[PDB]
Structures are given as structure tokens and as C-alpha cells.
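Taking it in order: structure first as C-alpha cells, then the write-up.
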Amino acid sequence: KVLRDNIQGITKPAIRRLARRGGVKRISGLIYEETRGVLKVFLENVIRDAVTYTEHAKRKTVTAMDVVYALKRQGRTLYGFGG
Amino acid sequence: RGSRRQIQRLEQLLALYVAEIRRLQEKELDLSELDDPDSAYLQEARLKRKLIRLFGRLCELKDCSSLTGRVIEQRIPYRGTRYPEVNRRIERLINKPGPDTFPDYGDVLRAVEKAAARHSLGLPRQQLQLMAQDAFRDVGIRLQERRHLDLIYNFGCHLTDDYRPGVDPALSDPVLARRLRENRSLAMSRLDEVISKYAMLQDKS
Amino acid sequence: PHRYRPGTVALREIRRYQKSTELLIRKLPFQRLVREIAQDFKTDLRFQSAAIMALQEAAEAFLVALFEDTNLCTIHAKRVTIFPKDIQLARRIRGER
């Protein structure tokens, strides 16, 4: 009845360490898939904004500056950066 | 006091590593490169590790500590209870060095209990619990703040060092601003959606 | 105490390099995740390496803060295991938007 999911990519112990870095010592089975999912969604959000800036500048390369402008629009994570 | 010549040699090497790190930071990676174990991103990471090792060796040679002025090196005081021993144990708990220092309620409560039993303060269980809860709340605020500042004070590289929010292209192009506003509505929904999706899967199990 | 200040490199640079060594997600899977996402947008997108770094530093901070919030809302004499509903609830209590 219990099953082990496959993945390519982000390993269980990295996720355990991220949780631990937040003070969380014990996480359930769904927390792994959730953490990968949340990570992917956050990255999609940032990259969607970043590429909007890139296309506005008429470039094909997403620059670190594009990513900064995007990140500032994602709420508290980078709040206050640069001033 | 270390050898002046060797210090100068190692500092030259350090500057070389920095120049190469900057070069790699500016490389533009296509999709196949992002799939490559030897991409500029990975080379850069290896080189940073090499550089930090060399920096540590230079600290050794100059008889210095390994500190770099990180915000997380700043001590967070706690004097929130009426028992200086409890305050001591909590303050020690939250100032353990490194990037992983963040206790849970259990850690704080354990610190309060241990300080109480060690110094025979004779505090009853519910007083200890309330003390731990108030302490946990206070230190949680301070830890999150210290991490936030460490992040924003140490973010990016030379390519983002001239960033300032008043230069945001969106401020002078309403078409761009409109698109970003649309993006933001979508982003918030997507995040809610994933959080809620796994909550729902949990409530199906 | 005693602090080393290199003559050839500013400490702020050193600090950022050190921080980069502190990341927890292996960089190869990270860059591959960015690739997986980018593939959906445009086949011809390139990324500055420094942009990938900014993404990773920010993303790890974002995940960790989700866990910090959950932690701070979790008050029990006996340690429990964190489930999705705990993340969700904490996010509603002290999290974003």
C-alpha cells in the first residue's frame, strides 16, 4: 500500500535540510512533492516576470537584472533589496 | 604574523579567482547548457568553493578568525523573562553560528525547562510553557529579520550592484506595467493553487 | 575579534561567495529545473549564469520562509510531523497575500 515515488531532480535530503533550516524537524510524505511543486511554481512566477522584462528590452537573454526586477514583484522574499 | 611575500602571492591568486568568477557570471547559457554538468554555473560554484578555501587559508596565515561580516554573525540578545538564567539559555540557543540556527518550540521549551531545573527556580509546568511560548515568538521575529537582512545585504553580484527600484522600466511604460500586473494576479493564484492542491491531497488520504 | 580584510578583494564579494556555498539544492538539478521551466516559454531563451544564481538564492529563501512560518505556528509539548495543511494554515496566519 505504501509506495516510493520516482524523481529526477531535487532529492529528499535536500528538502529535509531546507525544512530543518526553517526549524522544521519532521515532514510528512506529501511535503516532498509539495516542496518540489511550490519551488517550481515560484520559479515559474519569477521567470514569467523576468522574461516579460527581457522581451520588453528586445533581448533573448534573461539577465540577472531582469531577475531582480521580477523578484522585487514576488512579495516579501527580496523586499527592501537595493533600497 | 605571516610571510608578506606569500600573503601577496595568495592575494593575487584570490583576485584571479574573482576575475574568473565574474567572467563566468556573465556567460549566457542556452537550454542545452542548462542541461550540462560542466556548465558555467557549475564551474562558477566550484571556483567559489576553491576561493573560500583560499580565503580561509589566508585567515590562517594572518592569524584571523574566519568571519566575513555577515549579518548572521550579529548576536541577537534576549532578556525577555524575569529569570536571567532562562534568558541566558535562550540567547545561547539562538546565537549558535551558521545558516541553520532556527529552533522549534520544542527547543525553546527544552531550554527554559533545563535552565529551570539546573538552577532550581521551582517553576510549575504551565508557567514554563507560557514563558517558552512568549520567548519563541520573540526570538522567531528576530531570527527571521536577521536572515532577511543577511539575504538582501548579500545578494547578487557586480551585474546587479547598480540596481535601484526607481529605474524599473515598468515605471515609465504602462503596457509593460499592465502585463506585469496580469502576471502578478496569475502568480498569486498559482501559488494558492499548489498549496491548496497538496492540502486537498492530504485530505483525500 | 581579529578580522581579515584582503587587499585585493572586498569583503562584500567574499560574503556573497560564502553564501553561495551555503545553498542546499544541488546546482545541477537546480539549473535543470530552470531549463524545464524555460522550455515551456521559449525554445530560444538564454540565461546569464548570474541570473540562475539569483533565482536559486531567492528560491531557497522562499522555501525556508515557508518552513519558518509553519514552525512558528506549531506549538506542541510533543513534537509533531508537518503536513501540507500545516503549511497552508501557517501561510494563512502569518504568510503572504
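Chain lettering (A, B, ...) mirrors the order of the C-alpha cells, residue numbering begins at 1 for each chain separately, and ligand numbering begins at 1 in order of display.
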Practice problem: With a cut-off of 10 Å and counting only C-alpha atoms, select all residues of chain A in contact with chain C and give the selection as a ChimeraX atom specification. | Solution: /A:8-11,13-32,34-36,38-44,46-48,50-51,54,59-68,70-71,74-78
Exercise. Enumerate as a ChimeraX atom specification all residues of chain C assigned to alpha helix (DSSP H) by DSSP on the backbone, naming them with the chain letters and numbers the document uses.
Key: /C:11-21,27-41,49-72,84-94
Practice problem: Determine the nearest neighbour of chain A from the options B:132, B:14, B:186, B:71, counting only C-alpha atoms. | Solution: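 Closest to chain A, using only C-alpha atoms: B:186.
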Sort by chain and increasing residue number a table of all residues of chain B within 6 Å of chain A, each with its closest pair of atoms and their distance in Å to one decimal, counting only C-alpha atoms, and write it as CSV.
```
residue,atom,partner,partner_atom,distance
B:100,CA,A:21,CA,4.7
B:102,CA,A:23,CA,5.0
B:103,CA,A:23,CA,5.3
B:104,CA,A:23,CA,5.2
B:152,CA,A:81,CA,5.1
B:160,CA,A:65,CA,5.8
B:164,CA,A:82,CA,5.2
B:187,CA,A:45,CA,5.4
```
Quiz item: So how far away is CA of residue 5 in chain A from CA of residue 199 in chain B, in Å?
Solution: 18.4 Å
Quiz item: Please, which residues of chain B lie no more than 7 Å from chain C when the count uses only C-alpha atoms, and can they be set out as a ChimeraX atom specification?
Solution: /B:11-12,15,24-31,34-35,37,40-42,48-49,52,59,64-65,67-68,70,104-106,140,154-156,195,198-199,202
Quiz item: Within 12 Å of residue 87 in chain B, counting only C-alpha atoms, which residues qualify if same-chain residues fewer than 3 places away don't, as a PyMOL selection string?
Solution: chain B and resi 76-84+90-94+108+111-116+131-132+134-136+138-139
Selection above as a file: C-alpha atoms, as a compact mmCIF listing (two decimals), in the first residue's frame:
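As a result, part.txt now contains:
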```
# COMPACT_ATOMS: atom_id res chain seq x y z
CA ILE B 76 20.66 38.56 18.98
CA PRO B 77 20.18 39.45 22.65
CA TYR B 78 17.26 38.04 24.64
CA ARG B 79 16.28 39.42 28.05
CA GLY B 80 12.55 38.77 27.84
CA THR B 81 11.88 36.76 31.02
CA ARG B 82 12.35 37.79 34.67
CA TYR B 83 14.88 34.99 35.10
CA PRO B 84 18.37 35.83 33.74
CA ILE B 90 17.61 31.14 25.20
CA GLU B 91 20.16 33.67 24.00
CA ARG B 92 22.70 30.84 23.64
CA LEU B 93 20.15 28.75 21.71
CA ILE B 94 19.55 31.45 19.08
CA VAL B 108 12.93 26.74 23.30
CA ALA B 111 15.97 25.42 27.07
CA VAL B 112 13.53 27.00 29.55
CA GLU B 113 12.93 23.68 31.39
CA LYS B 114 16.66 22.89 31.52
CA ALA B 115 17.54 26.34 32.86
CA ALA B 116 14.74 25.99 35.44
CA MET B 131 7.44 31.51 29.18
CA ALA B 132 8.62 29.30 26.29
CA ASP B 134 6.45 34.14 24.59
CA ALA B 135 10.20 33.56 24.13
CA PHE B 136 9.70 31.52 20.95
CA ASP B 138 10.13 36.99 20.25
CA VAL B 139 13.18 35.10 19.00
```
Practice problem: Find the distance between CA of residue 4 in chain B and CA of residue 60 in chain B and write it in Å to one decimal. | Solution: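 These atoms are spaced 13.5 Å apart.
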Quiz item: Please, what distance in Å, to one decimal, runs between CA of residue 194 in chain B and CA of residue 179 in chain B?
Solution: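 Computing the Euclidean distance for CA of residue 194 in chain B and CA of residue 179 in chain B yields 22.7 Å.
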Quiz item: Could you pull out the strand (DSSP E or B) residues of chain C from DSSP and send them as an MDAnalysis selection string?
Solution: chainID C and resid 46:48 82
Based on the selection just made, write C-alpha atoms of those residues as a tab-separated table (two decimals), in the first residue's frame.
```
chain	number	residue	atom	x	y	z
C	46	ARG	CA	19.28	32.12	-22.74
C	47	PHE	CA	20.09	32.85	-19.09
C	48	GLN	CA	23.01	34.79	-17.65
C	82	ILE	CA	4.43	18.75	9.47
```
